[PDB]
Each structure stands twice: as structure tokens, then as C-alpha cells.
There are 2 protein chains.
Amino acid sequence: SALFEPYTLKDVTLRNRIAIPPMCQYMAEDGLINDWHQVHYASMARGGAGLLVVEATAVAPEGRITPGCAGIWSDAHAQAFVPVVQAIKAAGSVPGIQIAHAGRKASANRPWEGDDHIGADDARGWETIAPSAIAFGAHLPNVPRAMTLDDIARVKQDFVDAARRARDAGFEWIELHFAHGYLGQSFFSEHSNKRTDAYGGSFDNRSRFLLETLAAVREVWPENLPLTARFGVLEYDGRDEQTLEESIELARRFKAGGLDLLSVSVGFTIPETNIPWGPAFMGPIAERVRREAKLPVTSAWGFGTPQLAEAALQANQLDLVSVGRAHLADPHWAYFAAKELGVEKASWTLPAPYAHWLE
Amino acid sequence: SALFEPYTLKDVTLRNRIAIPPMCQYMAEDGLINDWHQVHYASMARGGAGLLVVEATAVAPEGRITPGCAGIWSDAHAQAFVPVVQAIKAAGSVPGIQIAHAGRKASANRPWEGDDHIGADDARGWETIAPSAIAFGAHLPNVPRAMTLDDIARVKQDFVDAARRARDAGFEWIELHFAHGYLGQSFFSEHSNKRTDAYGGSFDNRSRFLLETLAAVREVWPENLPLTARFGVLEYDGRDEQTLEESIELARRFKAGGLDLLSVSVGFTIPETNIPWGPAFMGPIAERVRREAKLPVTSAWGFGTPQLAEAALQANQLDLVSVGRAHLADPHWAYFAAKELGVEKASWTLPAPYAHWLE
Ligand SMILES: Cc1cc2c(cc1C)N(C[C@H](O)[C@H](O)[C@H](O)COP(=O)(O)O)c1[nH]c(=O)[nH]c(=O)c1N2
Ligand SMILES: Cc1cc2c(cc1C)N(C[C@H](O)[C@H](O)[C@H](O)COP(=O)(O)O)c1[nH]c(=O)[nH]c(=O)c1N2
Ligand SMILES: CCCCN1C=C(C(N)=O)CCC1
Ligand SMILES: CCCCN1C=C(C(N)=O)CCC1
Ligand SMILES: [Ca+2]
């Protein structure tokens with residue numbers, strides 16, 4: 001089975017091609033993770049996935065999506081991740097982390113608590129920052145503060161500091177969050193970036209924040225550990241042909257800047273879109289990025305069917321398959337997949353105290 | 001649906017009728033549980049089961065099955081369970097524990113490490129104790145030493161000490177392990193008990209160790225928390241009619257002695273048997289014990305299909321359905337069952353960070 005072949009990137013070897021993508025838990029307090037996360041991540045890692053990327057973790061407090069988001073903006077925050085890292089490794093999985101800044105989509109309620117921008121009366125809220133003073137709209141009407149050159153320099157340095165802290169916590173895989181309409185994606189998109197300085201206007205200028213951040217992080221992140229990023233390569237906003245061409249060119253520049261793998265996603269930069277949600281709908285998009293930018297890729301958004309995952313690998317659309325919600329439903333989904341694809345000794349996808357009894 | 005009705009017994013209310021029965025993990029060292037257990041139990045509790053009975057926990061070192069079995073024979077051992085109790089409660093489940101003594105089946109290898117008696121030259125082994133100096137046979141050939149009267153007093157007191165510790169660690173449900181061929185079962189069975197003192201021969205005498213242990217535990221275990229036991233009510237040894245009749249009379253005496261619920265199982269006292277394994281095969285046996293002894297019951301051994309569980313409850317065969325291996329496969333099996341049975345807002349069997357997304 002393609003899905004259960006190992007994968008080696010730099011010095012890291014994954015035991016199979018199942019990745020658990022970052023999934024916000026909204027259970028942290030002041031950025032600090034706790035027993036919610038400890039058990040959540042340890043249980044999924046024991047489930048058999050080869051790679052577990054920890055949820056979007058804010059590089060600065062204002063970079064959280066919500067008051068429940070994890071952070072890594074101080075050494076105390078980083079120390080809190082050490083037992084999560086070590087529990088993932090003890091299970092035989094590889095620990096990764098996604099470091100993030102929510103940009104204009106920050107200062108929002110938890111999804112099951114309204115999922116909308118926090119109101120001004122509410123004392124949980126904070127001022128948001130973005131390339132331009134323009135609101136997402138819809139359920140996120142708050143207008144961000146337009147970043148100055150000093151802000152841009154400060155945020156870049158926050159990504160660098162976060163990467164250094166991830167390294168020292170023991171993460172073996174890092175993912176820069178340049179997707180889903182948050183700070184990085186919003187610098188790239190003409191929808192949200194109306195700057196007239198070096199960071200807006202042209203393709204080179206709009207790309208600049210992303211490329212400068214990647215290069216700054218590259219200076220502290222170990223050369224022998226995968227350096228990856230997540231990027232929304234189209235919006236389904238009526239501009240897909242040109243947007244995707246630009247996105248793929250940026251992926252070529254990521255590669256020339258030392259990126260080891262790209263997690264291919266959707267932009268979500270504005271609400272006025274028509275995303276054609278469906279089983280494995282990103283497969284052919286990821287394939288095009290992979291082939292044209294000549295870079296390893298993963299993608300998500302409809303692969304929790306073991307046959308869909310296997311198919312995407314056999315078609316060389318993906319190098320890793322990211323399976324999210326199915327792991328929330330069943331933290332041992334990788335075992336389920338091994339059974340469903342007829343892997344020999346499928347139960348030994350799991351640790352002995354389970355595997356012995358399930359074969 | 002019947003599966004998702006609450007259950008109240010003494011001061012304890014279970015949020016549904018799904019119980020996770022005790023399942024040995026063989027991952028402890030010198031009886032001390034560790035991070036294996038912490039995550040294992042916390043993840044299953046978050047999966048939605050109403051009751052989680054912690055694995056067979058030895059009241060004394062020689063009463064472990066294996067060198068990996070959990071123990072509660074010191075206050076340090078009991079303190080190790082406190083975070084497990086706390087995590088089970090935090091998940092909305094009720095924490096229980098099974099306290100145990102393996103009798104002549106003790107001093108064995110872990111199941112994936114041969115599953116047989118440790119040989120005499122292996123320094124990991126120990127002398128075993130039992131009512132009479134008779135081996136189980138087959139893969140457990142070691143002959144136990146016959147217990148003295150002082151041994152019997154000491155082991156009863158170890159059960160008392162274990163219950164006291166379990167109480168103080170915060171467990172809300174206790175289960176005495178009088179099943180599966182271990183020490184208690186072996187006092188009751190004529191196959192293993194050939195004693196000629198007060199603890200063997202007659203039905204009263206064979207019952208004595210079990211009834212005295214129950215009464216001694218009852219003195220320390222709070223009256224407002226369920227006091228339960230697991231007991232093998234037949235062997236499938238060609239003596240089932242008489243064995244079942246005696247087992248049911250013993251169950252009546254347990255009830256008279258303050259037992260709140262009986263977990264109905266198979267004796268496994270000797271290897272020379274013909275157990276008719278199949279889906280829910282214990283259902284009719286449990287029903288008969290329930291009806292004739294007038295005690296609430298649970299059972300296991302083939303109920304991990306949601307329809308089989310639901311059917312057993314509607315037929316009033318069981319008050320709680322114990323689902324073991326399906327929870328090793330999927331710690332969130334209770335959510336899977338809620339979906340399979342068409343429970344409304346089934347995803348909210350799980351905590352919010354999962355339920356919101358799975359709706
Ligand atoms: C609870 C939850 C939380 C998040 C997500 C989604 C969900 C369900 N996703 C998107 C996620 O990584 C993935 O791409 C999607 O879930 C699609 O994959 P599945 O169809 O769920 O396998 C996500 N994406 C990301 O880049 N960083 C993150 O922290 C989050 N957080
Ligand atoms: C790994 C493992 C370990 C144990 C068990 C079984 C398994 C699979 N079982 C028996 C268990 O509680 C249950 O009765 C059986 O698993 C049958 O139920 P299922 O068919 O698995 O739902 C068990 N029984 C018991 O009384 N105390 C225990 O500690 C153990 N340990
Ligand atoms: C962005 C649209 C839906 C996917 N989600 C992504 C998140 C992320 N942190 O990238 C958080 C919630 C949902
Ligand atoms: C006689 C074996 C029945 C199932 N098991 C029960 C155990 C028990 N501790 O009661 C341990 C292993 C297996
Ligand atoms: Ca011996």
C-alpha cells in the first residue's frame with residue numbers, strides 16, 4: 001500500500017504517508033497549552049500517523065485567532081510544548097508544528113461560541129494588524145491596523161523567535177502558516193493588500209513578506225529538519241487561472257529559498273467565493289503544484305476515506321496525505337486505514353497493548 | 001438510544017449505558033502506572049463512555065498476572081492513580097477500578113511476550129498462591145502453593161487496603177475481581193479448590209473467601225458509591241446447569257451482602273472447556289442472573305456492534321453494556337455508536353473541540 005510506505009525528507013523519516021494536519025483546539029489559556037492538548041496529541045500519535053503537525057500556534061499574542069489559541073511567543077510557552085513533542089515521539093510519530101499569525105482574522109470567538117469577531121464591549125478582544133486597513137467582512141467586520149515597516153520587521157522577527165523556540169522544544173518539522181486568509185496569505189492576495197510600498201502592488205512586492213519571512217526563519221531552523229509552509233494557491237473567486245499561475249511561481253521561489261515541502265490549500269482571503277467542496281477536490285490542484293513547481297506536497301480537505309488517500313499517492317498527486325477531521329472522530333484512524341487497505345499485520349499499526357488483541 | 005439513557009446507582013449517575021470494562025495494559029513497572037495509562041484512559045473517557053473501569057489492579061505484588069500489571073498495594077501506588085481519576089472525571093465519565101489477585105495464573109509473561117508462565121530460572125518470576133496446590137495446566141503449568149489461614153487473612157486485608165486506597169484516590173465505582181480463573185474464582189470452583197478446612201468442600205465453604213472479602217471491603221467502601229464484582233457464573237465444562245444454579249445463589253448472597261451490580265462473565269478456571277464464543281453470547285446468561293438474583297448486571301464478550309448493545313438493553317438482559325476491544329480499536333467508539341444509532345447531535349457525545357466540527 002502506497003499509504004503505508006515510509007517517507008524521508010532531510011534527516012526525518014516518517015513511518016507512513018499519513019500526516020495529521022494542524023487543527024486548532026481552542027483550549028489554551030493566554031497561549032499556554034494544557035492537559036487537553038497533551039492527551040489529544042499523544043492519543044492521535046499512538047493511532048499510527050507518521051507525522052503529527054501541531055495546530056496553528058501564534059508567534060505573538062495578537063496573532064492568535066481566538067482567546068483559546070496556542071502561542072509560542074515566550075520561552076514559557078515553548079517549554080509547555082516539550083511534553084507534547086516527547087509524547088508524539090514516544091509513540092513513533094514525528095512531531096511538527098505550524099507557527100502562525102492570524103492577521104485581520106484575529107480576535108475572534110471560538111467556533112462554537114459564535115465564530116465571529118469579538119465585540120468592542122468584550123474585554124477579551126484586541127486590535128488586529130494586516131497589510132492594509134481593510135476588513136474581511138461578513139462575520140469578521142473588524143478593520144485591522146495597517147502595518148508599518150517597523151511592524152513588518154517585528155512580525156518577521158516573531159516568526160524567527162518562534163522557530164528558534166520550536167527547535168529547542170524538540171519539534172522535527174516546522175510549517176509556516178501562509179494560508180487561509182491569515183497574515184501571510186493576506187500579504188500575497190490583491191484582495192487584502194493595497195499597499196503602495198515595497199510590500200504591495202507587484203507580484204514581487206506581494207511575495208516579499210512571505211519570502212523574507214521564509215529566509216529569516218531559514219537562518220535559525222536546522223538545515224537537517226524539514227522546513228515547510230502552508231499556502232492557499234487559489235480562492236475560487238473568479239480569478240483562479242491567473243491566481244494559480246502566480247501561486248505556483250511563488251512555490252518555485254519557495255523552493256529556491258530552501259522550502260522542503262509545500263502544504264497546498266485554499267486561500268480563504270475573502271468571503272465572496274464559491275469553493276467546490278468535495279471528496280479529494282484538491283488532488284488535481286496539488287498535483288499541478290507538485291509537477292510544475294517540482295516540490296514535494298501534501299494536501300487535505302476530503303481524504304479521510306482510505307481509498308481516496310491511497311489513490312492520490314498512486315497518482316503522484318501528493319507525497320503525504322493529510323487527514324484531519326477523521327482523526328478527531330477516531331484518533332486511531334491510521335489503524336482503520338491499514339485494515340481497510342489490507343495491510344499485513346494491520347493491527348501493529350498500533351502499540352502492542354492494542355495490537356496484540358486486535359489481530 | 002436505550003444505549004444513551006443515563007443510569008443511576010447509589011449516588012453515581014452515568015451519562016449513558018456504555019461501560020468500558022477493565023482491560024490490562026501490561027505497561028506498568030513495579031505496579032506503578034505511567035504516561036501510557038494516563039493518555040489511554042483519558043482518551044477513552046473523552047470518547048464518550050459513561051463509565052470507565054480501570055484494569056485489573058493487583059492488591060499485592062504476587063497477585064499481578066505479569067511484571068507489567070498495575071498495582072495498588074501502597075499509598076505511592078494509589079497516588080499514581082489520582083491524575084487518571086481526575087482525567088476521567090474531567091471528561092464527564094465516571095472513574096471505576098477493578099482490584100484483583102491473579103492466584104495461580106500469576107507470574108506470567110505479557111501476552112505478546114509468550115503469554116505463558118515465567119520459568120523458574122527467569123528472575124522476573126515469583127511463587128504463586130491459590131486455594132490448593134494444583135496447576136491450571138496448558139501454558140500455565142506452575143503449581144501454586146496452597147494458602148495458609150494467615151495467607152487468607154492477609155489477602156482479604158490487602159483487598160480492604162486496596163479499596164481504601166481506591167476510595168481515597170477518588171474512584172467512584174469499585175469492582176472486585178472474582179472472575180476469570182484468578183484467586184477469587186478459584187476459591188469458588190470445585191476444579192481448583194480441594195481444601196478441607198472452612199474455605200473448601202461445601203458450597204458455603206467455597207463461597208466463604210468471596211463473601212468475607214466482600215464484607216471486609218464493604219466496611220471501608222462508601223455506602224453511597226457502587227460496590228460491584230465480576231464473577232464467572234459458568235465454565236462450559238459440561239457442568240453448566242449445576243454451576244449456574246450455584247453461581248446464582250452466590251449472587252443472591254452478594255446482594256444480601258451489599259453488592260450493587262454484578263459483572264457477569266465466564267469462569268476460565270481450567271483449560272478443558274468448550275466456550276461457545278459468538279456475538280453477544282453472554283446476553284441470555286446475564287439476563288438469567290439479573291432476573292433470578294434480582295441484581296443489576298453488565299456483561300461483555302461480543303457487544304461492540306452498536307445494534308447488539310442496543311438490543312441487549314431493550315431486552316432487559318443488561319443494565320450496562322461493557323465494550324472492550326472496540327475501544328482499543330477506536331477510543332471514541334461511544335461517538336461511533338451514537339452515530340450508528342441515530343442519536344440526535346451525536347457528535348456532542350464528544351467534547352466541543354471535536355463535536356463542533358463533526359456535526
Ligand atoms: C478543528 C479544525 C481546526 C483547524 C482546521 C480544521 C479543523 C477541522 N484546519 C484545516 C485542516 O488542517 C484541514 O486542512 C481540514 O480539516 C481539511 O482536512 P479534512 O477533510 O478534515 O481531513 C487548520 N488549518 C491550518 O492550516 N491550521 C490549523 O490550525 C487549522 N485548524
Ligand atoms: C486487552 C484486554 C485486557 C483484559 C481483558 C480483555 C482484553 C481485550 N479483559 C476482558 C474484558 O474486560 C472483556 O470482558 C473482553 O474484552 C470481552 O469484551 P469485548 O468483546 O472485547 O467487548 C479483562 N477482564 C477483567 O475482568 N479484567 C481485566 O483487567 C481484563 N483485561
Ligand atoms: C480557514 C477556513 C476553514 C479551515 N480552518 C482553518 C483554521 C486555521 N487555523 O488555518 C482554523 C479553523 C478552520
Ligand atoms: C481468561 C482470559 C479472559 C480475558 N482476559 C482477562 C484478563 C483479566 N485480567 O481478567 C486478562 C487477560 C485476558
Ligand atoms: Ca510454584
Side-chain angles (χ1 to χ4, degrees), chain A residues 23-28 34-48 55 66 68-70 83-84 86-88 90-91 109-115 304 324-336 338-339 346-359, chain B residues 23-28 34-48 55 66 68-70 83-84 86-88 90-91 109-115 304 324-336 338-339 346-359:
Chain A
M23 290 177 289
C24 287
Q25 293 300 287
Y26 312 92
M27 291 293 288
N34 56 51
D35 286 339
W36 175 262
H37 312 81
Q38 183 64 36
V39 169
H40 165 68
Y41 287 118
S43 182
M44 293 191 300
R46 294 175 185 190
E55 66 198 274
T66 78
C69 288
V84 167
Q86 293 183 331
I88 294 169
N109 280 296
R110 301 193 184 73
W112 53 92
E113 291 172 351
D115 201 45
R325 278 164 298 172
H327 272 106
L328 303 186
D330 176 6
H332 297 179
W333 184 89
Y335 159 69
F336 171 78
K339 273 186 52 170
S347 72
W348 286 92
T349 298
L350 297 174
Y354 302 157
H356 175 80
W357 300 97
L358 295 169
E359 56 180 332
Chain B
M23 289 176 293
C24 284
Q25 294 301 288
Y26 312 87
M27 289 293 290
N34 55 51
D35 290 344
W36 175 261
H37 310 82
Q38 183 64 43
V39 172
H40 166 72
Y41 287 119
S43 182
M44 291 193 300
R46 300 175 180 187
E55 69 198 89
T66 79
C69 289
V84 174
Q86 287 175 353
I88 292 172
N109 281 297
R110 304 181 174 78
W112 50 93
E113 296 176 343
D115 199 46
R325 284 166 294 182
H327 271 106
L328 306 182
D330 179 3
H332 293 179
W333 183 90
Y335 158 70
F336 165 81
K339 275 188 70 72
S347 73
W348 286 91
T349 306
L350 302 172
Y354 304 156
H356 177 78
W357 299 100
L358 294 173
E359 268 163 348

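Lettering follows sequence order; numbering is per chain, from 1. Just so you know, these numbers use all the heavy atoms, side chains as well, and skip hydrogens, waters and symmetry mates.
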Acceptor/donor pairs from residues 349-359 of chain A side chains to any protein atom, 3.5 angstrom cut, sequence neighbours excluded:
{"from": "A:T349", "atom 1": "OG1", "to": "A:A346", "atom 2": "O", "distance (Å)": "2.8"}
{"from": "A:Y354", "atom 1": "OH", "to": "B:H40", "atom 2": "ND1", "distance (Å)": "2.7"}
{"from": "A:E359", "atom 1": "OE2", "to": "A:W348", "atom 2": "NE1", "distance (Å)": "3.1"}

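Interface residue B:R46: only side-chain heavy atoms are found under 4.5 Å from chain A. For a residue to count as touching a neighbouring chain, one of its non-hydrogen atoms must lie under 4.5 Å from one of that chain's; by this rule B:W333 does not touch chain A.
Side-chain N or O atoms of A:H332 include one that pairs as donor or acceptor with a backbone N or O of B:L328 at under 3.5 Å.
At most 12 heavy atoms of other shown residues, nucleotides or ligands fall within 6.0 angstrom of atom CG in B:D35.
In this structure B:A87 satisfies the side chain to side chain contact (heavy atoms under 4.5 Å, CB included) test together with B:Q38, B:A42, sequence neighbours excluded.
Nearest heavy atoms, A:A329 versus B:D330: O-OD1, 4.0 Å.
The candidate from A:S43, A:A90, A:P111 with the greatest count of non-hydrogen atom pairs under 4.5 Å with chain B is A:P111.
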